[PDB]
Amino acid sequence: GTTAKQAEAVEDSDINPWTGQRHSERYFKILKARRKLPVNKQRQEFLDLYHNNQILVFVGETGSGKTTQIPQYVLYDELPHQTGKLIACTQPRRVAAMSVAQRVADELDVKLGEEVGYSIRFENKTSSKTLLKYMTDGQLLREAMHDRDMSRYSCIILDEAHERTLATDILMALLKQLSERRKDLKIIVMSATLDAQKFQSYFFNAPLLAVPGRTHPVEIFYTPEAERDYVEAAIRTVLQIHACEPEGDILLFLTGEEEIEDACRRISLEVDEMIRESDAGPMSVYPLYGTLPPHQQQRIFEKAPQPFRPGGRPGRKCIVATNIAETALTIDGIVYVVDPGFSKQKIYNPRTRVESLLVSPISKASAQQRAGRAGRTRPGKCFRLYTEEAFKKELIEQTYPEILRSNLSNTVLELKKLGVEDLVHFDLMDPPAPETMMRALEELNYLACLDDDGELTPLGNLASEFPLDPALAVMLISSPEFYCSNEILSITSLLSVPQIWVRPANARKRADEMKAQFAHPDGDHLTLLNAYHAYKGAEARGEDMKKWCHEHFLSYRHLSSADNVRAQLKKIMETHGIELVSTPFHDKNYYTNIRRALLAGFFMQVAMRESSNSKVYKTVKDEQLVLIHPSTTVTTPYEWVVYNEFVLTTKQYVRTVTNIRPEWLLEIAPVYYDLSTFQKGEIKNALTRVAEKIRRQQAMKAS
């Protein structure tokens, strides 16, 4: 219908065709620079491929013009169809969606929020005029829960699709299904660091449009030898650039909040020393991480300070960021990128069902994306703080997908809320193994989160609101029925983080002496509760909690994580009308209530002692032979125990163990422990004798 040549004549017009206003002089200066971008040379090739194909794979270099120009090309092409629909472009980070939408609003000569806008979690900067909306992929996924056919959008552009986050992979699977349902919906998948053929084959052998060329080069520099202290090498590199290199701002990639703020303190102190001793320029230092407020995140676009004198050494800006700034951003003024090659990446412990963060080496794709923050408006340089051979042989090509590094049972419940019926045949790009998916569906059905037809129950919908492994969420939801919901709230939070115990090899006797203060002989779960209670009591006394945790050989990081999780879980209970209850401590049933309440989440992790004096236990699930882990505080374990973690070393253990009574299993999980259909064996015979001894006693007193 409309060619690239026809659209360019409308772009050259004195009048804005979207608003009716006169085009500003800033618009024409930007348009002049935009047409020199590498993607503009293949605009008609894009439009021809967009007309004749439903799904398109787009590859071009960092800064070539993918995120800014391609949605504007679609916008000029899509308007005469009069659909009243929107164009969606998903960014990985909130700061990318806000920054790009402001830039494209300037490029279209419109006001941000009116014709170009953004939509993030707590801010919908859109209106009825909005035709192009940049957003996070999590925001589009939240919209798909209420609108499964994506009815507000005519084109959905999945940007930075190489990242393979949980939201990106799920969006790609939903949009692949929707493309067979909705032929009036276009899909564009783009990145600079993409496995193009893998993405093409996944999207029904979609065509590839590859744009070559760069606006400006990025020179890559490697170190001649490996260096362990990457923070020290990062700070040294930043100061060496400020002392010797010409004008240009620095972007430094670090891994977390505490590491960044400490490095920002160290860089500023050394800069203050270089100023008074060497006539160096001023350098402003900006931190950037996800927990920063957005107005303080936006400060990274501020101009570098002026030099101290005419002809003096240049003033400079140093941004110290996580991988929140790894992709999409155009920070004008940046010339230098420092890449230590590390990031906090999510791992999943399958034995504890705990997601946590681990400082890990980055992928080759991530290193190319970090370098691509330079070379956008001027030439750039990237200092990789690792050898060239380490780049070529030690870094993986792409980071492993998040769905294979996450709690799959949490993912299944979210997919049910998104309307996925068949989980076994849900076509993800890199699906989990069918045994792993069937294991998650089996556990969720036994936990009554999915019914026997696979459909979501009200308990499973409520459990999915909690940022927890679903067995922990079921235990928390069920805890008012055991009159100990305040203590289960604490235990659930502690079980959602890694273990708090710190036992260094040179001070293991002192660590055991501190642990014995919290030891409860009837359960490791109560020992965990005592340690958190002592942590909160010392915090209420105004004590240095980093010092307190160090002197008590506890992890301040995991304890403060659990305390922060406990506040989040307490809001969700109060929101959904779930009472916060405690039994008085001197009540005779105080501890038995908490040990009973554990079985509402963990009735499938139960072991029975084999003989009268044996140390060997047999698990209810899969009949494994185990010992009680020697780190337990349970000095005399009962015949029946509940456990948190299966441990496979040179011996097989169950860790985090609490004494239970076997009649509690029949009371709390009677469907799972239905003896009329239970698996035959020594475990069933023992539970049969327990049920018979209950029946013998109730028939006696009734007579």
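All residue numbers are counted from 1 along the displayed sequence.
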Quick note on 348-356 and 304-312: per-entry mean CA temperature factor is higher in 304-312
Of 162-170 and 275-283, the stretch with the higher mean C-alpha B-factor in the deposited entry is 275-283
Scanning 582, 407, 631, 530 for peak Cα temperature factor in the entry gives 582
From the entry's CA B-factor values, the highest among 268, 561, 506, 72 is 268
Binned into thirds over the chain's modelled residues, the C-alpha B-factor of residue 639 lands in the middle
Of the three thirds of the chain ranked by Cα temperature factor, residue 379 occupies the middle
Here the Cα B-factor of residue 496, set against its chain, lands in the third termed lowest
Assert third(CA B-factor, residue 11) within chain per record equals lowest
The third of the chain into which the C-alpha temperature factor of residue 655 falls is the lowest
